[PDB]
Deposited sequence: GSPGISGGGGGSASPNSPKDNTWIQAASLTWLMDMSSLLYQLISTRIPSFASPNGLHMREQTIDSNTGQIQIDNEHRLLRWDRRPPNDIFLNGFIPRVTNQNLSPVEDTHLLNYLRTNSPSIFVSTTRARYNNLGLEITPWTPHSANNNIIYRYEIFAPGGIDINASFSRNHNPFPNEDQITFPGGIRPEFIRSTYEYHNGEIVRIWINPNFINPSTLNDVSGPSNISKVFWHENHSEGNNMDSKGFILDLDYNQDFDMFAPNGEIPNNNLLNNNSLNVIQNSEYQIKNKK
């Protein structure tokens, strides 16, 4: 049943949702048959340090988002959902299962979990099929909350499990986005650091290959606008990607064969 607090939606870009936690949980829960979610939605845990009141920043809570939009947009605005207007009706806006299964416009923003091997080394995450084409960004996020999709649905009622998603009703504000990799043709050409990330003391922990241009972003950065040529979530819809392999993410590529 209902969440005790609004932690699950604390990263929200649509800030007005944050004070309507219970109402939102009901609105979403009622379009989910008990057989699909026997125990109800499962919110991620320990997204916040109990000792600090601060975002938990560890491999286990490290989220990723593939997006064609550049840092001058994302580091300024965060991830705003496709639907931004208030509508307390059972319309498609809050229809979670339809959103995941069909990618219909909604108030939800997806992310996928960073993947590690047993030695705790990073391996290929769920990657979009079009990742090797043109310019794409892989944003690194540490945010409070999110719905743990795979833990919320019975295997046979969970539309696409392979994507290992953590969904954010209302989106994610920019202060929860630590960095991003800028890829051109599947190759890393730059690493962007968001100086306004909620925990600036961890900025030096941002990893990447050696000798790759690393830039500290600021509004209207001269090189922060690269983009192709619209559905901002096309590259985050389950059937539009997959986990290509379990190779170590220790090269200059995104580990997808050309």
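**Q** Extract from the deposited sequence all ranges with no corresponding C-alpha coordinates, numbering residues from 1.
**A** Gaps in the modelled chain, taken against the deposited sequence, lie at 1 to 15, 245 to 252, 282 to 291.
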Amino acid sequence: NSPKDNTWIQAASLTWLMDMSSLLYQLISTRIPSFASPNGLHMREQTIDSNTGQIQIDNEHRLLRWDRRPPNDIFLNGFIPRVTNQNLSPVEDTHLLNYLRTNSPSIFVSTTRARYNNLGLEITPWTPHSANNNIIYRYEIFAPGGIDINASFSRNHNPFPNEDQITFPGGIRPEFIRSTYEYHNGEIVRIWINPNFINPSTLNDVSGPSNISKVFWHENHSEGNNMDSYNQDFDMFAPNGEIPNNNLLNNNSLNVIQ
From here on, numbers count along this sequence of modelled residues.
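**Q** Output the stretch having the higher mean C-alpha B factor in the entry; the candidates are 136 to 144 and 95 to 103.
**A** Comparing 136 to 144 with 95 to 103, the higher average CA B-factor belongs to 95 to 103.
**Q** 111 to 119 versus 181 to 189: which one carries the higher mean Cα B factor per the record?
**A** Mean C-alpha B-factor is greater for 111 to 119.
**Q** For the CA B factor values reported in this entry, which option in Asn196, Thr30, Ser222, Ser201 has the top one?
**A** Of the candidates given, the C-alpha B-factor peaks at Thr30.
**Q** From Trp126, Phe168, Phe160, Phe75, can you pick the one with the highest C-alpha B factor in the entry?
**A** In this record, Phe160 carries the highest C-alpha B-factor of the candidates.
**Q** Quick check on the deposited entry: does the C-alpha B-factor of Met43 sit in the lowest, middle or highest third of its chain?
**A** Answer is middle: the recorded C-alpha B-factor places it there.
**Q** Ordered by C-alpha B-factor within the chain, which third holds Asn245? Give me lowest, middle or highest, please.
**A** Answer is middle: the recorded C-alpha B-factor places it there.
**Q** Would the CA B-factor of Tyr230 place it in the lowest, middle or highest third of its chain?
**A** Top third by C-alpha B-factor.
**Q** Which third, lowest, middle or highest, does the C-alpha temperature factor of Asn150 belong to within its own chain?
**A** Middle third of the chain for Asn150's C-alpha B-factor.
**Q** Looking at the entry's B-factor column for C-alpha atoms only, identify whether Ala131 ranks in the lowest, middle or highest third of its chain.
**A** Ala131: CA B-factor falls in the lowest third of its chain.
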